[PDB]
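S.K.: My sequence and its experimental structure, below.
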Amino acid sequence: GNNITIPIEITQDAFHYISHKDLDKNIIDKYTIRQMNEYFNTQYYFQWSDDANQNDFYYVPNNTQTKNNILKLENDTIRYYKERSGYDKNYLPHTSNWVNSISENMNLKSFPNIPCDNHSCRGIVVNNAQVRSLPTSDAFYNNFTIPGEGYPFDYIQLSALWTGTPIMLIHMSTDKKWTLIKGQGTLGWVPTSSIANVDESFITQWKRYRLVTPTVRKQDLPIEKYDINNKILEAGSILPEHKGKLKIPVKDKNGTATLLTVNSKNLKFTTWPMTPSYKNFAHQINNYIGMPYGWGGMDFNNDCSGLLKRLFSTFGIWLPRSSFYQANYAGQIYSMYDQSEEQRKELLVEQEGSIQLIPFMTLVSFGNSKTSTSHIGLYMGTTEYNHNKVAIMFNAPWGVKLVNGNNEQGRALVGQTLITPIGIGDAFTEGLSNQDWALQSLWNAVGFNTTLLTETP
Ligand SMILES: [Cl-]
Ligand SMILES: [Cl-]
Ligand SMILES: [Cl-]
């Protein structure tokens, strides 16, 4: 082998993990969701605020522990790939100079080259966009025969941003085909055709509309008589609605956004934020199960942290983009680095802990050192599995690490969003060991943390 599939372990229905008496309840109360929704609006609209600028980028808006100089990050990214060999989108070795043409097109000597007088660089996403660390659709893969490498691990791929996302326009490539933007806690390059600037009137009118959000993962927007293409509406989008018809921003001939009314008779959406009931969380969780794992949002399929950010956005609860920032900045992190497997299971299974964990409101994160994270999921409580009570989580994992007798690595592949035991694949440890593969249990991760969400920053 090397990459070895493992079966799905537990029932793929969030309602299996919700007691009947909780069905009709909300997970958090009115006061708490109001505070979370206010925080969401501050973070989500930060690029339209007077506080934001074209030089500084925050993984968590207004938290200066997360502040970065954009030009430095751009130069760091160029340097990172100039210094490396890898493989392209067709699995062919990159030419030795392939970054040079990209660096030229980035034209950083003119940074930032999009003027911003009267806040004219405020903008919006008009087509769902794959945010890229460099302005190229070409990939950077490590050797695709190495477990954990090849597709979907294109390291240029950073995030998936949905139509409607408030952004700021920073800098345009020399060929004008790419624009460097920031929004939703992400910085990077997108096709220029996927974004548009917005004017003061656009923002004023945006704030007067009722907003809606889709209730299914993907759906097709109507193709009108003169449309050239179908458009896909993705869960997580937040868009105006008037008289029951969705409005979507489209790029006008002058490059600015204007709202277009969509014929909405067959569309599936609801007023945003969605009510944070156990029922609604269950429906939304169920809609993501089976979505392929997409590193960095590759091909509009989410990764571990992107899945959670997306789910919570439907409810007006804001998480940062990546697992480390979620674990450390969505709440007060509790590190179990100094605690044994037995102690970790005592907390998550029996709730024997110094703290109280909350199903559907606690992130569990895992990593290879005390402070780093390489996986995250949403704690969902416990279930009976193989006549044992096990802790469970909603998550998007790629695969669990395996090691053979020669200390070579492998993966027990999952590759899709699922509800899983915390110890993904632990049930298969004995069978794997008989074929000389030792599964590295998530319960034994060097870094292992819980973060409650119920405290808004
Ligand atoms: Cl920012
Ligand atoms: Cl994403
Ligand atoms: Cl487990």
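M.R.: Yep, that arrived. Residues are numbered from 1 along each chain as shown. Ligands and ions are numbered 1, 2, ... in the order given.

S.K.: per-domain residue ranges of the protein.
M.R.: 3-27+277-452, 32-271 (automatic domain parsing).

S.K.: Mean neighbour count added to the ones you listed, as CSV?
M.R.: Where C-beta positions appear, they are placed from N, C-alpha and C, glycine not excepted. Listed next are those as CSV, based on neighbours: other C-beta atoms under 10 Å:
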stretch, mean neighbour count
domain 3-27+277-452, 19
domain 32-271, 17
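
S.K.: Any residues of this protein in contact with ligand 2? List them.
M.R.: By C-beta under 5 Å from the ion, the residues of the chain that approach ligand 2 are 159-160, 297, 306.

S.K.: Which parts of the stretch 251-400 of the chain are helices?
M.R.: Applying DSSP state H, counting those that start in this stretch to the stretch 251-400 of the chain gives helices spanning 278-288, 304-313, 323-329, 341-350.

S.K.: ok, and what's touching the second one?
M.R.: Residues from elsewhere that reach helix 304-313 (C-beta atoms under 8 Å, 6 or more residues apart in numbering): 40, 159-160, 185, 213, 235-236, 238, 281, 284-285, 288, 291, 293-294, 296-297, 302, 318-323, 326, 363, 375-378, 394-397, 417, 453.

S.K.: Also the shortest one?
M.R.: For helix 323-329, the surrounding residues in contact (C-beta under 8 Å, 6+ apart) are 59-60, 63, 65-66, 185, 304-305, 308-309, 319-320, 333, 363, 365, 372-376, 449, 451, 457.

S.K.: if you set the cut-off to 10 Å instead, what comes out?
M.R.: 59-60, 63, 65-66, 185, 303-306, 308-309, 312, 319-320, 333-335, 363-367, 371-377, 447, 449-451, 453, 457 (C-beta atoms under 10 Å, 6 or more residues apart in numbering).

S.K.: Give me the distance between that helix and the centre of its chain.
M.R.: Centroid separation for helix 323-329 versus its chain: 12 Å, with C-alpha atoms, centre = their mean, to the nearest Å.

S.K.: same thing with the last one?
M.R.: Relative to the mean C-alpha coordinate of its chain, helix 341-350 is positioned 28 Å out (C-alpha atoms, centre = their mean).

S.K.: Same check on the longest one?
M.R.: Its chain's C-alpha centre lies 17 Å from the corresponding centre of helix 278-288 when counted by C-alpha atoms, centre = their mean.

S.K.: Output the contacting helices and strands for it.
M.R.: Contact analysis of helix 278-288 by 3 or more C-beta pairs under 10 Å, 6 or more residues apart in numbering; DSSP states H and E lists helix 304-313, strand 375-385, strand 388-395, strand 418-421 as its packing neighbours.

S.K.: can you give me the angle it makes with helix 304-313?
M.R.: 140 degrees (axes from the mean of the first three to the mean of the last three C-alpha atoms, to 10 degrees).

S.K.: Using CSV, write down the CA coordinates of helix 278-288.
M.R.: Taking C-alpha atoms only, helix 278-288 is exported to CSV below (Å, rounded to 0.1, in the frame of the first residue of the first chain):
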residue,chain,number,x,y,z
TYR,A,278,-30.1,22.2,17.2
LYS,A,279,-32.4,21.3,14.3
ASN,A,280,-30.8,23.9,12.0
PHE,A,281,-27.2,23.0,13.0
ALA,A,282,-28.1,19.3,12.2
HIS,A,283,-29.6,20.2,8.8
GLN,A,284,-26.5,22.2,7.8
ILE,A,285,-24.1,19.6,9.1
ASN,A,286,-25.9,17.0,7.1
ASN,A,287,-25.7,19.0,4.0
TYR,A,288,-21.8,19.0,4.2
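
S.K.: so where's the longest helix in the chain?
M.R.: helix 30-44 (DSSP state H).

S.K.: ok, and does that helix reach over to ligand 1?
M.R.: No: applying C-beta under 5 Å from the ion, one finds helix 30-44 separated from ligand 1 by no less than 9.9 Å.

S.K.: how about the helices of the stretch 251-400 of the chain, which one is nearest residue 124?
M.R.: helix 304-313 (15.9 Å; C-beta to C-beta).

S.K.: and the angle for the closest one with strand 375-385?
M.R.: 80 degrees.

S.K.: and the residue of the stretch 151-300 of the chain nearest ligand 1?
M.R.: Proximity of the stretch 151-300 of the chain to ligand 1 (C-beta to the ion) peaks at residue 182, 5.1 Å away.

S.K.: after the one helix or strand that residue maps to, next one along is what?
M.R.: Following DSSP states H and E, one finds residue 182 within strand 178-183. Counting by DSSP H and E, the next helix or strand C-terminal to strand 178-183 is strand 186-191.

S.K.: Could you check how far the following helix or strand past that following strand is from the centre of its chain?
M.R.: Later in the chain than strand 186-191, the nearest helix or strand by DSSP H and E is strand 195-197. Relative to its chain's centre, strand 195-197 lies at 22 Å (C-alpha atoms, centre = their mean).

S.K.: coming back round to it: so which of the domains of the chain is nearest ligand 3?
M.R.: domain 3-27+277-452 (3.2 Å).
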